[PDB]
């Protein structure tokens, strides 16, 4: 029937909105985890490089 | 971290060995420079101590 198909289309629209919101939030989660793997890979690399440099400065001073 | 740790060990040892070698060379060089140049100054101190 007509309103039968209308209610079925409303259920399909709810499922569509649910899956689109799931895609958006999963993309945001993997994005922020990618930036935290990023910028953490920045911070510890710069810290260890500076530790290596300070060790070389102290060795040549000694 | 393992890579930069072993790089730190290798570079620090390889630089400190050259520092030890330059120290030994500098000490032997200043002794051999001072030894042949000696006996000029012993007359100076022996002349200025004595009245």
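Chains as they are written, first to last, in this note's numbering: chain B, 314 to 375; chain D, 1092 to 1142. Note that CB positions come from ideal geometry on N, CA and C, so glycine has one too.
Item, Value
"Contact list for residue 372 (chain B) against chain D, beta-carbon separation under 7 Å", "1103, 1106 and 1107"
"Inter-residue spacing [alpha-carbon to alpha-carbon] between residue 1093 (chain D) and residue 1122 (chain D)", "44 Å"
"Residue span of the alpha helix (DSSP H) that contains residue 321 (chain B), given as start and end", "315–350"
"Neighbouring residues, chain B, relative to residue 1092 (chain D) (Cβ below 7 Å)", "361"
"Stretch pair the stretch 358–375 of chain B + the stretch 334–344 of chain B: three plus CB contacts closer than 8 Å", "no"
"Residue 1168 (chain D) and residue 365 (chain B) closer than 9 Å at C-beta", "Given a span of 1092 to 1142 for chain D in the structure shown, any question on residue 1168 (chain D) remains unanswerable."
"Top-ranked residue by Cα proximity to residue 1096 (chain D), from B:374, B:346, B:353 and B:363", "B:363"
"Chain-ordered neighbours of residue 1099 (chain D) on chain B, where CB pairs are closer than 7 Å", "365 and 368"
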